[PDB]
Each structure stands twice: as structure tokens, then as C-alpha cells.
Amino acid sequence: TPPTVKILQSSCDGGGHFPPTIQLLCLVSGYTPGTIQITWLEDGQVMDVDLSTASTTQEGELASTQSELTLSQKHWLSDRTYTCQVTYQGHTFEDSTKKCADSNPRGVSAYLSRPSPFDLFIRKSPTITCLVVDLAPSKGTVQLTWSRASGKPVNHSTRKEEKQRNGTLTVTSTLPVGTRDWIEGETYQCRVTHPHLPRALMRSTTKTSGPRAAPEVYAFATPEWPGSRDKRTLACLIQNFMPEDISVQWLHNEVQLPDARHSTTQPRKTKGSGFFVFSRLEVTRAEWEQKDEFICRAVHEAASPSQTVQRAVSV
């Protein structure tokens, strides 16, 4: 018969805490005696023999060798693999051992954007971003791949892998999508593989399915409020559209204003059928007289004929 190796380790206490030094023990058992050679490999490489020490017991036919390595709690917890390699009559036998893997770690999040109506319709260069957060802080391990429901090829992606300050890795790839293909069916699929994933992740995004309904606009102005002559606020209600994805901007002298100048809400639940948002702008003296008119524009899928709607308002 051939012999058998098992490894045993120093164990954690009642409170399930490691001790300062992890002893690992090779037990080769159940063999014909004679030449027995034990090597220790750290991570797949040979070790300095000094802290590795062997011994052999026998009764009658039963014979068991044991080798013992000591590690510091630090080395063990550095995620190294420890291989015990047994040379017996010109053969090799193996057992390796690693720190035992976490039972309930968090765990990694992945998010897949839809492109914006602005991105689709106005400046016609849409894209989606697949973003993966809380990966282990080591690069080059991760594999992120794009693909289509239609089996048709994809454009080249762009990929950032950037170590976060809290000791995670955030890997993010954006994919240019065909401005047409997106509108006719076409599910895009994002796929990440990493050693620390039990399974590969996949997210997939597409045009939201439903009964397309155009947006309704209402522009506005506020009754002047005391003490501010020169500061006036303008409103836009936009309601009962579908699906929820909507872009919104404001135009002074027929020029788009910085998306930081106004604040839209997230399209929220209507009680009935549809979706709605609200956006405010805050204008002043200079804007008062340049010309006084203000555009509140919404780019929506069901918007027509040109995929936008704009309502004008003044004071």
C-alpha cells in the first residue's frame, strides 16, 4: 500500500480567536517503512528547514511520520498556501492547507447603469457603466467582460482598476453602446470573475419594458418673496411619462445651463399610471435682463417627434 498525509493545525480558543503562533502538523500514516522525505512548500516554494522538524512512531506494522512547522499569526493571516509534500520510494504525496475561509463576509456589489436620454438622443453617443465595488485590494486578478443577448460583437470597453482608501478595490468599465441597437431590443451583459468570488457575477441592463407615454410639462415663476428683489426661482413639473428614464435641462439665451445650476428630483412613483419629476432653477439680476425667457427641457423616449419637449416661462 501507499501511505496517506493529513495536515492538522493549532486551533482557536473558546472565543474563536487565533493564538500568536499557528503550528501545522503533517501526519503521514499507514505505510511500509524505510525512506521518508518531507518537504514544506510555502505558496508553492521550498522553505528554510530550521523551523520544520520531523519524527516517526511505529508499532508492529503500523508506522506514522509527523513533521511540524510553526508560523506566526501574521504569516498565516497573510493568506499564504502551505503544502506538505511527501517523497516515499521516489514518489510524491500531497496535502495543502490555507487559513479557513470566512463564513459571512460582505461580499461585493455590482451596478449596471442604463444610458441617459440625453446620451441617447441629444448627443448621440450612449454608454453604460458596470461598476464593481469592495473587491480585495489587489490588481490584475479581476476579469470583466461585456457581451450581448444577440450574440453580436461589442465595441471596445474602457477599464479602470483603482485602489480605494478604505482598503477595497473599485473596478469600473464603461461600454459605448450603439445608439440604434439599444432601442431595438438588445440586452447588454456585464460579467466579473475574481478568485474571491464563489461564483462569477453578472449584471445585465436593457431598455425598460412598458407602455411608452410622453411627458407633460409645466413651467413657472415664484411670487417675489420679501427681501429678495434680485433673486427669483423658477419651477418645472414633468409628469405621467414612461418609462422612468428622463433627462432634464434649462436654457438661457438658447444655451444649455450647467447641470449644477438647477436641481431635478429622481423620477418617483405616481399613485396612478406613470412617473413624475420636479426641477427648480434659481435666476438673478443679470439673467433678468439678458432677455427674460427660460426654457425647461425634457428629453424623453416617447417625446416627439424629435424626442424632446420644451416649455418656456418668464417674469
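Heads up: residue numbers just count along the shown sequence, starting at 1.
A summary of the deposited B-factors shows that, of 66-74 and 29-37, the stretch with the larger mean C-alpha value is 29-37. Stretch comparison (84-92 versus 175-183) by mean CA B-factor in the PDB entry places 84-92 on top. Set against one another, the Cα B-factors of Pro117, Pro195, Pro105, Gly210 in the record reach their highest point at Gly210. Set against one another, the Cα B-factors of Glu224, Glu162, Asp79, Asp134 in the record reach their highest point at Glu224. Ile295 sits in the highest third of its chain by CA B factor, as recorded in the PDB entry. Annotation for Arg203: C-alpha temperature factor in the lowest third relative to the rest of the modelled chain, per the entry. When the CA B factors of the chain's modelled residues are split into thirds, the value for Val309 lands in the middle one. Ranked by C-alpha B-factor against the other modelled residues of its chain, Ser228 falls in the highest third. Residue-level temperature factors show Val315 in the highest third of its chain, judged at the C-alpha atom.
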